[PDB]
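S.K.: I'd like to ask you about the structure that follows.
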Amino acid sequence: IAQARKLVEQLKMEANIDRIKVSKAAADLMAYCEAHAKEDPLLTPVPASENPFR
Amino acid sequence: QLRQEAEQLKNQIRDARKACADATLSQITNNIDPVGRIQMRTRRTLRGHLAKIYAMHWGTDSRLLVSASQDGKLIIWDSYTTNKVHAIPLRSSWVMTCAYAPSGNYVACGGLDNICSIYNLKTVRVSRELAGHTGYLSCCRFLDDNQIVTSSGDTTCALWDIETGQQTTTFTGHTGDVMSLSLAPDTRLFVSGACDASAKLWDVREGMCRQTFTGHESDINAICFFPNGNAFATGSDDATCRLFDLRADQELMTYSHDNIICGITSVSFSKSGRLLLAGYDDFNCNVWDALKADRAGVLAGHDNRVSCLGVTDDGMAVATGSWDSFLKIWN
Amino acid sequence: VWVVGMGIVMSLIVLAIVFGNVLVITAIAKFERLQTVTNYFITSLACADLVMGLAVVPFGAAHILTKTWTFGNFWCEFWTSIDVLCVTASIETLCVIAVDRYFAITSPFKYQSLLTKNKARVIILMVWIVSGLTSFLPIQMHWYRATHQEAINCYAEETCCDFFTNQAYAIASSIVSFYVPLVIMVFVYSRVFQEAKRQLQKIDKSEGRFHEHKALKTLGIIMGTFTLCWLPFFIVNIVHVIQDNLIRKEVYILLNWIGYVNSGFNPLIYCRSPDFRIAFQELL
Amino acid sequence: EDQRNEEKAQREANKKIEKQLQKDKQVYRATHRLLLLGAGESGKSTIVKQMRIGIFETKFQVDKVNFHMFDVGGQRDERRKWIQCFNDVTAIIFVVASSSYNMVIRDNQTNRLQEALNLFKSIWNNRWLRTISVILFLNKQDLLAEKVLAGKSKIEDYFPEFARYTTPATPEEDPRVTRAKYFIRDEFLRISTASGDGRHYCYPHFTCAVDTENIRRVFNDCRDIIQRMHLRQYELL
Ligand SMILES: Nc1nc2c(ncn2[C@@H]2O[C@H](COP(=O)(O)OP(=O)(O)OP(=O)(O)O)[C@@H](O)[C@H]2O)c(=O)[nH]1
Ligand SMILES: CN[C@@H]1CCc2c(ccc(O)c2O)[C@H]1O
């Protein structure tokens, strides 16, 4: 009963959340990826002089 | 009558999420140039484990790592020189997870025996044994040098206290087994993926669930978390990996292929967040493009299934563990 | 004409012997899974067969075709030494493999302790040392040499290189090389066949109502190829010494070359497991 | 240079570790591991205790051969996600209550036997246990005889297939108990042999409360399992 009630309190709690459109989220993710692109040695092969595994 | 009462709320949540769907992530990311082919060559190979490997966790300095096998042994390696440092026998030979503390002082492990044990590296003897779970442990991550969070098979996750040995907070709400978790960069929130095909977002300080995502169809075996702190990716048994979003509160992209019918056992991101690495049961790994959903390479060389995966803190190398009792370092 | 045709067959055979053995050696070489305690004896066998294919066969082919030995007497002695060493080291390895299978099947609980990677190296080294002690030692020295006038003429001359031997060595080398490693293999495979038949009978008794050919075929092929290849020559060897003039040189040479072929077949017989086939598919 | 000392220290440490790893690997390869699995009310604890005379483990040695057995009790779940960890064991020991056929609930469950049959079918067809044999202990053989002989209840009432079944045999007794026992055993043999593919078999047995020879049966069955695996590996079976 209460457990049944619980699934009601939890459902009410998560119901009222302010949400932004997915366009803003996609833009933020793309901006982050483009900003920190050059600092990814895995994506861009660095010279073997700085590679510690060569 | 109460059970009936709840859905009106679920329908409202679904309607709100559908209203918030302004566009598609694929549509916005349409002019992005492809990353092209990505080739990785094995640089190091680590041997010494007598049986299959179920876990590993890169050190905080991106030099050392720990691994756990089913012969009941933890070995702390050294990636640069491929020579061991420690070998720790275990009381119980069934271990399913391991962790390595951010300060580099402690190492934890647990398994079918419902006990989480930590070890003191700078002294190798057992420091504290934590008990209270009624099922096997799936994962455990060092939140700090004094408190740790674990997820077990009794559909609960708990926050522990090393000095006292007693649970501080208990998280409840899942229906089936819990299989993985991941902590935010600031260690303020963490997510968990269960066997009822649902992922939940918790608050560590308070102890209440904030959101829930139920996009998958089968059990969830792995979960990672975006470097920015506003997204996370999951891997399930239905050969699909999805990318959710905390602010928008629904999924954005799905990664799948018609020629893949096996499962996923591990998921990890890269330093910049552009790539997504996932391990499969077809004895090989795959590399995905996060913003375009297209394969960009394959990592073959394992003779048995892959059960672990991790990327260094500085993003220089990726390590894979497999049931072939071998570890490899790619670059 | 006929000479050119024989030359063609010979050239074609040296190739197969080299290729099969080099292919077998590379795969154990290129893959971690294949290595195993049982897979070192196969490596030793492949190495011996490769050495024989490179060294023994081409020089003998040149001698047969040119009808005269151009090389020096010392090189003739060295060639005979290499021939005997390779032939006698390519059979005791088969005996060792048979014994290993016997231990693996008959004693299932004690296989792990009895065989260890450290003992395999000792066994292989002992086998090769026994092979070399009966090949170089009595041949580089002149303890096998015959006594009749034709033998003296052949030994003194630097143009001809023929094989002449006395009774003692012709019997001792044959006993060491062939006869001893045969009864062991026969006894081992008979025991293995009995065990297989017993297990098949047990399965049939347990669940026959709800639902020995493979074993017979495998044992038959394994025993038959070796016995057919190497049996006639090692009886001709003794006969041509006990009684004079019965066996001509041509028959002796032909039956000797029949034995050389067997090293080609070993990759086909001992490497039909799925792992080796997958490895072969992997490279080349 | 002059750090040339630390490296040497790491090189020494690696060898020190490797020696002990080899020494322990010998013992690890020496021993055999078994898994004990059974349904409720089967009699697992009694059998384990008689053989002796989270996870619970017992070690025994027969003829200088070390055996290691684990019974995982934890707590009940139909999802069994932890069983994928037991795919390198020698064999799986299955214990079933033979006399609990006419026990409808344990509810409105299918007779408990049917639940045991469904569990066995799930175990047999698992993807990670494709090459693991099963040792079957049909426990409680005296209560079954009591229920069959001079018994109001009948097998045909719960299992309609018993109506048109005839004995196949090794009687040791009464004519009814042999038919009942062999029908029950065939009900498992059918499932075992439906999709065996020849890589793993089943070895049914008939145990009781006062039996003392279970350990010898386990020893013999493990020896047969290893011998059959070796025979099949070399293409002789
Ligand atoms: N007659 C008979 N009864 C048995 C046998 N084994 C167990 N039992 C019965 O089982 C009851 C409890 O003993 P155990 O069988 O060890 O425990 P259990 O009830 O099987 O518990 P689980 O094995 O966990 O289901 C006793 O009252 C016994 O009567 C047997 O071989 N013969
Ligand atoms: C020249 N050919 C030799 C002559 C005698 C001989 C051979 C092989 C094995 C032996 O034990 C032998 O005694 C032949 O290969």
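Chain lettering (A, B, ...) mirrors the order of the structure tokens, residue numbering begins at 1 for each chain separately, and ligand numbering begins at 1 in order of display.
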Dump as a PyMOL selection string the residues of chain D that approach chain C to within 8 Å, counting only C-alpha atoms.
M.R.: chain D and resi 29-30+65+189-190+193+223+226-228+230-231+235-237
S.K.: Check chain A with DSSP on the backbone and list each residue it calls helix (DSSP H, G or I), as a tab-separated table (two decimals) with N, CA and C atoms, in the first residue's frame.
M.R.:
```tsv
chain	number	residue	atom	x	y	z
A	2	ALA	N	1.64	1.45	1.06
A	2	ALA	CA	2.53	2.60	1.11
A	2	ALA	C	3.55	2.50	-0.01
A	3	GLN	N	4.04	1.30	-0.26
A	3	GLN	CA	5.00	1.11	-1.33
A	3	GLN	C	4.30	1.50	-2.59
A	4	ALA	N	3.04	1.12	-2.69
A	4	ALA	CA	2.26	1.53	-3.84
A	4	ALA	C	2.17	3.04	-3.78
A	5	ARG	N	1.99	3.58	-2.59
A	5	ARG	CA	1.95	5.03	-2.43
A	5	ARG	C	3.29	5.63	-2.82
A	6	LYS	N	4.37	4.97	-2.43
A	6	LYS	CA	5.69	5.49	-2.73
A	6	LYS	C	5.84	5.78	-4.20
A	7	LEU	N	5.47	4.83	-5.04
A	7	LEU	CA	5.66	5.01	-6.45
A	7	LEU	C	4.86	6.21	-6.86
A	8	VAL	N	4.04	6.73	-5.96
A	8	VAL	CA	3.32	7.95	-6.29
A	8	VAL	C	4.12	9.18	-5.89
A	9	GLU	N	4.73	9.14	-4.71
A	9	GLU	CA	5.55	10.27	-4.27
A	9	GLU	C	6.74	10.48	-5.19
A	10	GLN	N	7.41	9.40	-5.60
A	10	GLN	CA	8.54	9.52	-6.51
A	10	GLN	C	8.10	10.06	-7.86
A	11	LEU	N	6.98	9.57	-8.38
A	11	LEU	CA	6.48	10.06	-9.67
A	11	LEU	C	6.13	11.54	-9.59
A	12	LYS	N	5.55	11.98	-8.48
A	12	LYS	CA	5.26	13.40	-8.31
A	12	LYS	C	6.54	14.22	-8.23
A	13	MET	N	7.56	13.69	-7.55
A	13	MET	CA	8.79	14.46	-7.35
A	13	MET	C	9.50	14.75	-8.67
A	14	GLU	N	9.56	13.76	-9.57
A	14	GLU	CA	10.29	13.95	-10.81
A	14	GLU	C	9.44	14.63	-11.87
A	15	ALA	N	8.15	14.85	-11.57
A	15	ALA	CA	7.24	15.40	-12.57
A	15	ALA	C	7.55	16.86	-12.89
A	22	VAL	N	16.07	20.40	-26.84
A	22	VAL	CA	17.26	19.60	-27.15
A	22	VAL	C	18.22	20.34	-28.07
A	23	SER	N	17.76	21.38	-28.77
A	23	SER	CA	18.67	22.14	-29.62
A	23	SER	C	19.78	22.78	-28.81
A	24	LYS	N	19.44	23.35	-27.65
A	24	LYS	CA	20.46	23.96	-26.80
A	24	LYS	C	21.44	22.92	-26.28
A	25	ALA	N	20.95	21.74	-25.89
A	25	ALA	CA	21.84	20.70	-25.39
A	25	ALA	C	22.79	20.22	-26.49
A	26	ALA	N	22.27	20.02	-27.70
A	26	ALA	CA	23.13	19.61	-28.80
A	26	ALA	C	24.16	20.68	-29.12
A	27	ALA	N	23.75	21.95	-29.10
A	27	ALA	CA	24.68	23.04	-29.36
A	27	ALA	C	25.78	23.08	-28.30
A	28	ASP	N	25.41	22.90	-27.03
A	28	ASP	CA	26.41	22.91	-25.96
A	28	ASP	C	27.40	21.76	-26.12
A	29	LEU	N	26.90	20.55	-26.42
A	29	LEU	CA	27.80	19.42	-26.61
A	29	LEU	C	28.74	19.65	-27.78
A	30	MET	N	28.21	20.14	-28.90
A	30	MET	CA	29.05	20.37	-30.07
A	30	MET	C	30.08	21.45	-29.80
A	31	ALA	N	29.69	22.51	-29.09
A	31	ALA	CA	30.64	23.57	-28.75
A	31	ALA	C	31.76	23.05	-27.87
A	32	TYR	N	31.42	22.23	-26.86
A	32	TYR	CA	32.45	21.66	-26.00
A	32	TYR	C	33.41	20.79	-26.81
A	33	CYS	N	32.86	19.92	-27.67
A	33	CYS	CA	33.71	19.03	-28.45
A	33	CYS	C	34.62	19.81	-29.39
A	34	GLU	N	34.09	20.85	-30.03
A	34	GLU	CA	34.91	21.65	-30.94
A	34	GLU	C	35.95	22.48	-30.20
A	35	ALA	N	35.64	22.91	-28.97
A	35	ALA	CA	36.59	23.71	-28.21
A	35	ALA	C	37.75	22.86	-27.71
```
S.K.: Can I get the residues close to ligand 1 as number ranges by chain, where close means within 8 Å and we count only C-alpha atoms and all ligand atoms?
M.R.: D: 38-47, 49, 139-143, 207-211
S.K.: Take the selection from the previous step and output its residues with N, CA and C atoms, as a short mmCIF file (atom, residue, chain, number, x, y, z; two decimals), in the first residue's frame.
M.R.:
```cif
data_model
loop_
_atom_site.label_atom_id
_atom_site.label_comp_id
_atom_site.auth_asym_id
_atom_site.auth_seq_id
_atom_site.Cartn_x
_atom_site.Cartn_y
_atom_site.Cartn_z
N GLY D 38 20.71 -26.76 -6.47
CA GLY D 38 19.50 -27.51 -6.24
C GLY D 38 18.35 -26.59 -5.89
N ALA D 39 17.14 -27.11 -6.09
CA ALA D 39 15.94 -26.35 -5.77
C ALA D 39 15.63 -26.45 -4.27
N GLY D 40 14.54 -25.80 -3.87
CA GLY D 40 14.15 -25.85 -2.48
C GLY D 40 13.60 -27.21 -2.10
N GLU D 41 13.75 -27.57 -0.82
CA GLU D 41 13.30 -28.83 -0.23
C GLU D 41 13.93 -30.04 -0.92
N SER D 42 15.04 -29.86 -1.63
CA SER D 42 15.64 -30.96 -2.37
C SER D 42 16.41 -31.91 -1.46
N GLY D 43 17.02 -31.38 -0.40
CA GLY D 43 17.91 -32.16 0.43
C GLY D 43 19.38 -31.90 0.20
N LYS D 44 19.74 -30.70 -0.25
CA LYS D 44 21.12 -30.39 -0.59
C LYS D 44 22.02 -30.42 0.64
N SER D 45 21.56 -29.80 1.74
CA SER D 45 22.38 -29.71 2.94
C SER D 45 22.67 -31.09 3.52
N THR D 46 21.66 -31.97 3.53
CA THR D 46 21.86 -33.31 4.05
C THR D 46 22.89 -34.08 3.23
N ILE D 47 22.82 -33.97 1.90
CA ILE D 47 23.78 -34.66 1.05
C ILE D 47 25.18 -34.11 1.28
N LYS D 49 26.38 -32.67 3.99
CA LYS D 49 26.85 -33.12 5.30
C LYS D 49 27.25 -34.59 5.28
N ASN D 139 17.24 -37.45 -5.40
CA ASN D 139 17.26 -37.61 -3.96
C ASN D 139 15.90 -38.09 -3.45
N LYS D 140 15.88 -38.56 -2.20
CA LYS D 140 14.66 -39.00 -1.52
C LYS D 140 13.98 -40.14 -2.27
N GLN D 141 14.67 -41.28 -2.33
CA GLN D 141 14.16 -42.43 -3.05
C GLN D 141 13.27 -43.34 -2.21
N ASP D 142 13.22 -43.15 -0.89
CA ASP D 142 12.37 -43.98 -0.04
C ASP D 142 10.97 -43.41 0.11
N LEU D 143 10.85 -42.08 0.24
CA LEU D 143 9.54 -41.46 0.29
C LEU D 143 8.78 -41.68 -1.01
N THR D 207 20.01 -41.66 -5.23
CA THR D 207 20.51 -41.58 -3.87
C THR D 207 19.38 -41.71 -2.86
N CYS D 208 19.76 -41.80 -1.58
CA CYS D 208 18.81 -41.90 -0.48
C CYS D 208 19.33 -41.10 0.70
N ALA D 209 18.67 -41.28 1.85
CA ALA D 209 19.10 -40.59 3.06
C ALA D 209 20.35 -41.22 3.66
N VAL D 210 20.41 -42.55 3.67
CA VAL D 210 21.48 -43.26 4.38
C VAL D 210 22.60 -43.72 3.45
N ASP D 211 22.61 -43.28 2.20
CA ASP D 211 23.66 -43.69 1.28
C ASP D 211 25.00 -43.09 1.69
#
```
S.K.: Taking only C-alpha atoms into account, find every residue of chain B that has an atom no more than 8 Å from chain D, and write it out as a ChimeraX atom specification.
M.R.: /B:48,50,71,83-87,112-114,134-136
S.K.: Got time to write the residues from that selection, N, CA, C and O atoms, as an mmCIF file, in the first residue's frame?
M.R.:
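This went into selection-v3.cif:
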```cif
data_model
loop_
_atom_site.group_PDB
_atom_site.id
_atom_site.type_symbol
_atom_site.label_atom_id
_atom_site.label_comp_id
_atom_site.auth_asym_id
_atom_site.auth_seq_id
_atom_site.Cartn_x
_atom_site.Cartn_y
_atom_site.Cartn_z
ATOM 1 N N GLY B 48 50.367 -12.845 -17.018
ATOM 2 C CA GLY B 48 50.581 -13.267 -15.649
ATOM 3 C C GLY B 48 49.334 -13.764 -14.947
ATOM 4 O O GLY B 48 49.426 -14.419 -13.906
ATOM 5 N N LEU B 50 46.217 -16.144 -14.349
ATOM 6 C CA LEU B 50 45.985 -17.559 -14.601
ATOM 7 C C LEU B 50 44.578 -17.860 -15.101
ATOM 8 O O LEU B 50 44.332 -18.975 -15.571
ATOM 9 N N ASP B 71 41.250 -16.295 -10.459
ATOM 10 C CA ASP B 71 42.115 -17.120 -9.633
ATOM 11 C C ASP B 71 42.305 -16.534 -8.242
ATOM 12 O O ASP B 71 43.043 -17.105 -7.434
ATOM 13 N N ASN B 83 56.156 -4.288 -16.001
ATOM 14 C CA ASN B 83 56.621 -5.131 -14.911
ATOM 15 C C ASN B 83 55.754 -4.913 -13.681
ATOM 16 O O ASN B 83 55.409 -3.778 -13.343
ATOM 17 N N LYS B 84 55.409 -6.012 -13.017
ATOM 18 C CA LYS B 84 54.475 -5.977 -11.906
ATOM 19 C C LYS B 84 55.094 -5.293 -10.693
ATOM 20 O O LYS B 84 56.314 -5.172 -10.563
ATOM 21 N N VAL B 85 54.220 -4.836 -9.794
ATOM 22 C CA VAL B 85 54.626 -4.218 -8.541
ATOM 23 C C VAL B 85 54.091 -4.979 -7.337
ATOM 24 O O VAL B 85 54.822 -5.208 -6.368
ATOM 25 N N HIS B 86 52.826 -5.390 -7.376
ATOM 26 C CA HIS B 86 52.203 -6.067 -6.250
ATOM 27 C C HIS B 86 51.387 -7.251 -6.745
ATOM 28 O O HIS B 86 50.932 -7.287 -7.889
ATOM 29 N N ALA B 87 51.212 -8.227 -5.857
ATOM 30 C CA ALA B 87 50.351 -9.379 -6.118
ATOM 31 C C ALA B 87 49.685 -9.742 -4.801
ATOM 32 O O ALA B 87 50.370 -10.137 -3.852
ATOM 33 N N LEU B 112 31.225 -12.299 -5.255
ATOM 34 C CA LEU B 112 30.067 -13.101 -4.870
ATOM 35 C C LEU B 112 29.879 -13.115 -3.361
ATOM 36 O O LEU B 112 28.745 -13.077 -2.872
ATOM 37 N N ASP B 113 30.968 -13.185 -2.604
ATOM 38 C CA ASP B 113 30.876 -12.918 -1.178
ATOM 39 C C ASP B 113 30.452 -11.472 -0.972
ATOM 40 O O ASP B 113 31.098 -10.543 -1.463
ATOM 41 N N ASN B 114 29.362 -11.277 -0.234
ATOM 42 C CA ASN B 114 28.742 -9.961 -0.153
ATOM 43 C C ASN B 114 29.523 -9.037 0.773
ATOM 44 O O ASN B 114 28.956 -8.462 1.706
ATOM 45 N N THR B 134 23.048 -7.888 0.942
ATOM 46 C CA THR B 134 22.475 -9.225 0.896
ATOM 47 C C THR B 134 22.615 -9.876 -0.473
ATOM 48 O O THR B 134 21.906 -10.844 -0.764
ATOM 49 N N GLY B 135 23.506 -9.365 -1.318
ATOM 50 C CA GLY B 135 23.743 -9.936 -2.626
ATOM 51 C C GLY B 135 25.148 -9.613 -3.082
ATOM 52 O O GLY B 135 25.882 -8.877 -2.422
ATOM 53 N N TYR B 136 25.519 -10.175 -4.227
ATOM 54 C CA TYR B 136 26.850 -9.946 -4.768
ATOM 55 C C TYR B 136 27.028 -8.480 -5.139
ATOM 56 O O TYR B 136 26.066 -7.772 -5.444
#
```
S.K.: Can you tell me which residues surround stretch 318-330 of chain B at a distance of at most 6 Å, considering only C-alpha atoms, apart from same-chain residues fewer than 5 positions away, and format the answer as a list in words?
M.R.: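 Listed by chain and then number, they are residues 40, 41, 42, 43, 44, 45, 46, 47, 49, 51, 52, 53, 304, 305, 306, 307, 308, 309, 310 and 311 of chain B.
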S.K.: Limited to N, CA and C atoms, could you put the picked residues into a file as a PDB file, in the first residue's frame?
M.R.:
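Dumped everything to result.pdb:
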```pdb
ATOM      1  N   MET B  40      44.603   1.849 -34.542  1.00  0.00           N
ATOM      2  CA  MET B  40      45.287   1.692 -33.268  1.00  0.00           C
ATOM      3  C   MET B  40      46.121   0.423 -33.296  1.00  0.00           C
ATOM      4  N   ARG B  41      47.383   0.543 -32.894  1.00  0.00           N
ATOM      5  CA  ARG B  41      48.311  -0.576 -32.875  1.00  0.00           C
ATOM      6  C   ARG B  41      48.658  -0.904 -31.432  1.00  0.00           C
ATOM      7  N   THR B  42      48.608  -2.189 -31.093  1.00  0.00           N
ATOM      8  CA  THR B  42      48.969  -2.619 -29.751  1.00  0.00           C
ATOM      9  C   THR B  42      50.413  -2.246 -29.455  1.00  0.00           C
ATOM     10  N   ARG B  43      50.633  -1.620 -28.303  1.00  0.00           N
ATOM     11  CA  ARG B  43      51.970  -1.223 -27.883  1.00  0.00           C
ATOM     12  C   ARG B  43      52.539  -2.121 -26.798  1.00  0.00           C
ATOM     13  N   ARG B  44      51.720  -2.522 -25.832  1.00  0.00           N
ATOM     14  CA  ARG B  44      52.165  -3.363 -24.733  1.00  0.00           C
ATOM     15  C   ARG B  44      51.182  -4.508 -24.546  1.00  0.00           C
ATOM     16  N   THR B  45      51.685  -5.614 -24.004  1.00  0.00           N
ATOM     17  CA  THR B  45      50.860  -6.773 -23.684  1.00  0.00           C
ATOM     18  C   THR B  45      51.298  -7.301 -22.330  1.00  0.00           C
ATOM     19  N   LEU B  46      50.344  -7.472 -21.422  1.00  0.00           N
ATOM     20  CA  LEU B  46      50.628  -7.850 -20.045  1.00  0.00           C
ATOM     21  C   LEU B  46      50.155  -9.275 -19.802  1.00  0.00           C
ATOM     22  N   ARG B  47      51.047 -10.114 -19.281  1.00  0.00           N
ATOM     23  CA  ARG B  47      50.745 -11.507 -18.993  1.00  0.00           C
ATOM     24  C   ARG B  47      51.036 -11.815 -17.530  1.00  0.00           C
ATOM     25  N   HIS B  49      48.164 -13.470 -15.506  1.00  0.00           N
ATOM     26  CA  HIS B  49      46.902 -13.885 -14.910  1.00  0.00           C
ATOM     27  C   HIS B  49      46.577 -15.313 -15.327  1.00  0.00           C
ATOM     28  N   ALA B  51      43.654 -16.907 -15.014  1.00  0.00           N
ATOM     29  CA  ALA B  51      42.270 -17.144 -15.404  1.00  0.00           C
ATOM     30  C   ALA B  51      41.712 -15.870 -16.025  1.00  0.00           C
ATOM     31  N   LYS B  52      40.398 -15.848 -16.226  1.00  0.00           N
ATOM     32  CA  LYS B  52      39.752 -14.732 -16.900  1.00  0.00           C
ATOM     33  C   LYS B  52      39.806 -13.468 -16.049  1.00  0.00           C
ATOM     34  N   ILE B  53      39.697 -12.322 -16.715  1.00  0.00           N
ATOM     35  CA  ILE B  53      39.745 -11.012 -16.073  1.00  0.00           C
ATOM     36  C   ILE B  53      38.361 -10.386 -16.139  1.00  0.00           C
ATOM     37  N   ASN B 304      39.044 -13.942 -26.872  1.00  0.00           N
ATOM     38  CA  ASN B 304      37.823 -14.206 -26.126  1.00  0.00           C
ATOM     39  C   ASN B 304      37.157 -12.876 -25.802  1.00  0.00           C
ATOM     40  N   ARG B 305      35.990 -12.947 -25.163  1.00  0.00           N
ATOM     41  CA  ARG B 305      35.158 -11.760 -25.000  1.00  0.00           C
ATOM     42  C   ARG B 305      35.839 -10.726 -24.111  1.00  0.00           C
ATOM     43  N   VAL B 306      35.481  -9.466 -24.330  1.00  0.00           N
ATOM     44  CA  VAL B 306      36.045  -8.345 -23.588  1.00  0.00           C
ATOM     45  C   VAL B 306      35.116  -8.002 -22.432  1.00  0.00           C
ATOM     46  N   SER B 307      35.679  -7.883 -21.232  1.00  0.00           N
ATOM     47  CA  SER B 307      34.895  -7.608 -20.038  1.00  0.00           C
ATOM     48  C   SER B 307      35.327  -6.352 -19.294  1.00  0.00           C
ATOM     49  N   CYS B 308      36.268  -5.578 -19.829  1.00  0.00           N
ATOM     50  CA  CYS B 308      36.708  -4.356 -19.175  1.00  0.00           C
ATOM     51  C   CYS B 308      37.234  -3.388 -20.223  1.00  0.00           C
ATOM     52  N   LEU B 309      37.251  -2.107 -19.861  1.00  0.00           N
ATOM     53  CA  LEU B 309      37.712  -1.056 -20.759  1.00  0.00           C
ATOM     54  C   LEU B 309      37.916   0.214 -19.949  1.00  0.00           C
ATOM     55  N   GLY B 310      38.947   0.978 -20.296  1.00  0.00           N
ATOM     56  CA  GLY B 310      39.235   2.211 -19.592  1.00  0.00           C
ATOM     57  C   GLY B 310      40.160   3.095 -20.393  1.00  0.00           C
ATOM     58  N   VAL B 311      40.073   4.397 -20.140  1.00  0.00           N
ATOM     59  CA  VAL B 311      40.866   5.402 -20.836  1.00  0.00           C
ATOM     60  C   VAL B 311      41.588   6.247 -19.799  1.00  0.00           C
TER      61      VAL B 311
END
```
S.K.: Which residues are near ligand 2 in this structure, taking near to mean any atom at most 6 Å from a ligand atom and counting only C-alpha atoms and all ligand atoms? Format them as a VMD selection string.
M.R.: chain C and resid 80 83 to 84 87 to 88 163 170 173 to 174 177
S.K.: Near stretch 141-148 of chain B, within 7 Å and counting only C-alpha atoms, which residues show up once chain neighbours fewer than 5 positions away are dropped, as a short mmCIF file (atom, residue, chain, number, x, y, z; two decimals) with C-alpha atoms, in the first residue's frame?
M.R.:
```cif
data_model
loop_
_atom_site.label_atom_id
_atom_site.label_comp_id
_atom_site.auth_asym_id
_atom_site.auth_seq_id
_atom_site.Cartn_x
_atom_site.Cartn_y
_atom_site.Cartn_z
CA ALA B 99 38.84 0.17 -7.85
CA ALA B 101 41.83 5.27 -4.95
CA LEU B 159 27.39 5.02 0.72
CA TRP B 160 29.93 3.70 3.23
CA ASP B 161 32.22 5.07 5.94
CA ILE B 162 35.67 3.47 6.08
CA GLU B 163 36.57 4.68 9.57
CA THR B 187 31.47 13.71 -7.07
#
```
S.K.: Contacts of stretch 204-216 of chain B at 6 Å or less, counting only C-alpha atoms, minus same-chain residues fewer than 5 places along, as a PyMOL selection string?
M.R.: (chain A and resi 14) or (chain B and resi 189+197-199)
S.K.: Find the residues of chain B in contact range of chain A, meaning any atom within 6 Å when counting only C-alpha atoms, and list them as number ranges by chain.
M.R.: B: 6, 20, 22, 25, 211, 248, 271-272, 316
S.K.: Can I get the selection written as a short mmCIF file (atom, residue, chain, number, x, y, z; two decimals), in the first residue's frame, with N, CA, C and O atoms?
M.R.:
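Saved result, part_6.cif, follows:
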```cif
data_model
loop_
_atom_site.label_atom_id
_atom_site.label_comp_id
_atom_site.auth_asym_id
_atom_site.auth_seq_id
_atom_site.Cartn_x
_atom_site.Cartn_y
_atom_site.Cartn_z
N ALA B 6 -1.23 6.62 -10.40
CA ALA B 6 0.09 7.05 -10.88
C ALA B 6 0.24 7.40 -12.34
O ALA B 6 0.93 8.35 -12.68
N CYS B 20 9.16 19.03 -25.43
CA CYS B 20 10.50 19.60 -25.40
C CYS B 20 11.35 19.19 -26.60
O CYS B 20 12.44 19.73 -26.79
N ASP B 22 12.49 19.72 -29.65
CA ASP B 22 12.52 20.75 -30.68
C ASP B 22 13.08 20.21 -31.99
O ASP B 22 12.56 20.50 -33.07
N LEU B 25 19.29 15.53 -32.68
CA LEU B 25 20.73 15.75 -32.62
C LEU B 25 21.39 15.47 -33.97
O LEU B 25 22.34 16.16 -34.35
N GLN B 211 15.99 11.83 -11.48
CA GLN B 211 15.40 11.58 -12.78
C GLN B 211 15.46 10.09 -13.07
O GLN B 211 16.06 9.32 -12.32
N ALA B 248 17.88 18.01 -20.85
CA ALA B 248 16.74 17.83 -21.73
C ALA B 248 15.83 16.69 -21.28
O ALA B 248 14.64 16.70 -21.60
N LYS B 271 38.95 11.86 -24.02
CA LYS B 271 39.20 13.08 -23.26
C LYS B 271 38.36 14.24 -23.79
O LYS B 271 37.80 15.01 -23.01
N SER B 272 38.27 14.37 -25.11
CA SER B 272 37.49 15.45 -25.71
C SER B 272 36.01 15.13 -25.81
O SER B 272 35.21 16.04 -26.05
N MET B 316 45.79 9.39 -23.33
CA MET B 316 46.89 8.97 -24.18
C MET B 316 46.79 7.52 -24.62
O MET B 316 47.31 7.17 -25.69
#
```
S.K.: Return as a Markdown table the residues of chain C lying at most 12 Å from chain B, together with the closest atom-to-atom pair for each and the distance in Å to one decimal, counting only C-alpha atoms, with rows in chain order and ascending residue number.
M.R.:
```
| residue | atom | partner | partner_atom | distance |
| --- | --- | --- | --- | --- |
| C:31 | CA | B:303 | CA | 10.1 |
| C:32 | CA | B:303 | CA | 9.4 |
| C:33 | CA | B:303 | CA | 8.3 |
| C:34 | CA | B:303 | CA | 11.6 |
| C:275 | CA | B:303 | CA | 11.6 |
| C:278 | CA | B:303 | CA | 12.0 |
| C:279 | CA | B:303 | CA | 12.0 |
| C:282 | CA | B:301 | CA | 11.9 |
```
S.K.: Export, as a CSV table (one decimal), in the first residue's frame, the selected residues with C-alpha atoms.
M.R.:
```
chain,number,residue,atom,x,y,z
C,31,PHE,CA,49.8,-17.2,-32.3
C,32,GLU,CA,49.6,-17.5,-28.5
C,33,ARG,CA,46.7,-20.0,-28.4
C,34,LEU,CA,48.5,-22.8,-30.3
C,275,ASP,CA,42.8,-24.3,-34.3
C,278,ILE,CA,41.9,-21.2,-38.4
C,279,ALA,CA,45.5,-20.1,-37.9
C,282,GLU,CA,44.6,-16.1,-40.7
```
